[PDB]
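Shown below, as structure tokens, is a lone chain in the form deposited in one PDB entry; questions about how it binds or moves come after it.
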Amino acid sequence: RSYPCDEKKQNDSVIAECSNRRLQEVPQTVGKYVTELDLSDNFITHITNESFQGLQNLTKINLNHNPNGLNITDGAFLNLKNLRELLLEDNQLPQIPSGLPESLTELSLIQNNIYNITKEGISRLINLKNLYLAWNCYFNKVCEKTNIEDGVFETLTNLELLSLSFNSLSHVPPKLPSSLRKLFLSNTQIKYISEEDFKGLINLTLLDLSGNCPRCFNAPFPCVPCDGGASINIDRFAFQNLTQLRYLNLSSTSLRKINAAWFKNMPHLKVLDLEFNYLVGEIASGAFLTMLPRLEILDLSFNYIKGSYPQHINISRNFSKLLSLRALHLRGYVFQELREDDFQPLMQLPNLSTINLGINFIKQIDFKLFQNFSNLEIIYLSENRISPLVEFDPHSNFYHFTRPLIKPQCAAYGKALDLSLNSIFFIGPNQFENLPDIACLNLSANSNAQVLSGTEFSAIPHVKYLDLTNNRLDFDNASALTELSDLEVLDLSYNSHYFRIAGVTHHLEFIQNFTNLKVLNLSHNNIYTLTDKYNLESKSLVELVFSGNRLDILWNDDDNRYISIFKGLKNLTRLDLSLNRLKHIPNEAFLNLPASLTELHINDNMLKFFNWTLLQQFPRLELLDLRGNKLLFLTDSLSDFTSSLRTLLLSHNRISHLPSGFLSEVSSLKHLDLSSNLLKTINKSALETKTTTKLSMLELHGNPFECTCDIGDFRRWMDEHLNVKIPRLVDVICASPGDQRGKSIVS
């Protein structure tokens, strides 16, 4: 079996996953058919022409974050004739390594100490397509200004992407190759853009000039503005040859005025980022908006005027000219109320599907305005002040998060409205009156402490996914949420406020009324007592998440009231009982779990005992997760209790003995995780079979193995059953005797 890497086929490639393994040097045991070697996050200090000798099939090597700087000799990689991608990020490299192979098409030197880009380093790398040199000198790091040798990129006639962001450049480098498609120059101290800087870049599709003359008020990083907080100075004809431009990033360039003619020669500009500028005036007038008919994304976030909290947002009539617009981001403009008249220019846009108004301190909204859009799909109003109606990831965006605004699982149902992190503490009878038909509603974190009673959502009765997490909801009415006839997903996580009070009444009977409820999450509610109806019932429910409650109290051996709590969930296939402080489950309570279960999690409890015999009543159980408990032993007759179990997770328990014949006849078991237990040895008889079984993954890392001659049988078993993958062999370590301690058992 391969050691120390884990090999995986990925289409026309074989990846040797060898990261985060405490490797002091590159292993001389890499498979000859391995094409991509990931050695990131190890303690490798030196690379020589011997490091990867003979490994001619390598097309990619990742040495990022080594040593967790990296010493690379001249020509160390030269003999690898098929090497195309070399990642050397976060290696404290003082220079571009010398004698790199001419076959390289991608070279990443992000987050190093390289302040000189020389012809000796890269002129010979004529096949380079992508070159990343970002984040070598920035913020208050002690570093030198970047010297770019004149014409250093000129011979790179196939270069398509060049990134020099987060380096002190002062000027755009001259003599850039005309093959460039993407040029990143963010946070480079380039205060002036001349008409010659991008002269020959006729195939450019992306230009990033963000963070040059930055807007520094309240910056979450060391920020140095241009003299007098002045804007980036762009010559009138700087972009005249950028006819193929699709992406233009001018975020944090302290822009107050936008010359509409800068877009005259950009007939296909698609995404324009103007976040962190001073464009409230331009948003209200904006002649440049008339020069962007094929723009799809416009980001004008955080353009607020410090000290100004106006009553309304002032959107120019010229926003109506953005006929291709699909997403408009207007976070941090800052205004008190959003009225129908204020968004009239956006209502004629036929494909505007996302509107992001997060972080504007909005207090009130005429919700009826959202009925007058053609294809509005995401209405993102999270993090405002709406009340009841009367360190830096170099591979991500620096000015905004890139995750979906609304969870794709919620947004997939239809029109999505996100009102999370607001103050809609009480939903009165007219709160949702003039809203369009909403399918996905997020009301998380609104300080809502009301008793929902079946009428609050009557104006939007087709909500399919409702997120009410992180409120103080008082479940005190059996008719709660029943007006949502089509509800499929309901998230009530983190509403423990009233559940934790014994003396108040608690009612969860409403769950039974839903004909189409599939997923219900009651996590972290501290549920320990219910009033009158002790059971959850539903003919439709498929998944119930009950983690972070108190089944230790509900199933106390002196109380029989909750022994059938989940029995009525007749269609349930997934059940999560993690984090319920369970020391034991009464046998009658385990037997009352739905017989339809396919996946049962009881991880992260304090289980001292598990009655394996009871698996005879779960003929469809495929996954049993008992990780993070205090189980002391395993049954020797699992094969007699189940013919369906496929995955059994027992990591982080106190099992010190694997019984003889444990797996001999459990044919269905594919994955067994016994990692982080107290196994000192494994006898041959515990893993051997006399029949063909489906075991293909066995985890044993973190056990305190005794590496005397008594471990030989387990080692011989590993050699004789190569189809059973054992991951993390570097962590399947000897705890004793002293001479073997720390060494991997495979040696």
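Rigid core (definition): largest C-alpha set, two forms, superposition within 1.5 Å. Residues that one form lacks are left out of the comparison. In this text, residue numbers run from 1 along the sequence as written.
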Handout entry: Other entries modelling both neighbours but not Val390, at least a third
Key = yes
Problem - Unmodelled in at least a third of other entries of this protein, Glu25 - result: no
Handout entry: Interresidue gap class [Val390, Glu391; deposited sequence, unmodelled]
Key = 10 or more
Practice task
If the chain runs straight from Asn68 to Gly69, say none; otherwise bin the unmodelled deposited residues as 1 to 3, 4 to 9, or 10 or more.
Solution key: 10 or more
Practice task
On mean C-alpha B-factor from the PDB entry, just flag whether 277 to 285 or 143 to 151 is the higher one.
Solution key: 143 to 151
Completion exercise
Stretch with higher mean Cα temperature factor, 289 to 297 vs 244 to 252, is 289 to 297
Completion exercise
Highest CA B factor of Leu125, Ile527, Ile602, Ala589, as deposited, is found at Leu125
Problem - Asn314, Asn356, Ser644, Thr402, ranked by C-alpha B-factor: the highest one - result: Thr402
Practice task
Tell me, lowest, middle or highest third: where does the Cα B factor of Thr205 rank within its chain?
Solution key: lowest
Handout entry: Modelled-residue ranking by C-alpha temperature factor, third containing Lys670
Key = middle
Exercise for the section: Ordered by C-alpha B-factor within the chain, which third holds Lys182? Give me lowest, middle or highest, please. Expected result: lowest
Practice task
Using the B-factor values recorded in the entry, state whether the Cα atom of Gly211 falls in the lowest, middle or highest third among the modelled residues of its chain.
Solution key: lowest
Practice task
Could you tell me which third, lowest, middle or highest, the C-alpha B-factor of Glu543 occupies within its chain?
Solution key: lowest
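Missing here is the form deposited in another entry; even so, the following discussion is about that form.
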Handout entry: Position with Cα shift of 2 Å or more, rigid core superposed between the shown form and the other one, options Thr689, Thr48, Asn683, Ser696
Key = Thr689
Practice task
Determine the segments between the shown form and the other one made of three or more consecutive residues whose Cα atoms all move at least 2 Å, using the rigid core for the superposition and only residues common to both forms.
Solution key: 663 to 665, 687 to 694
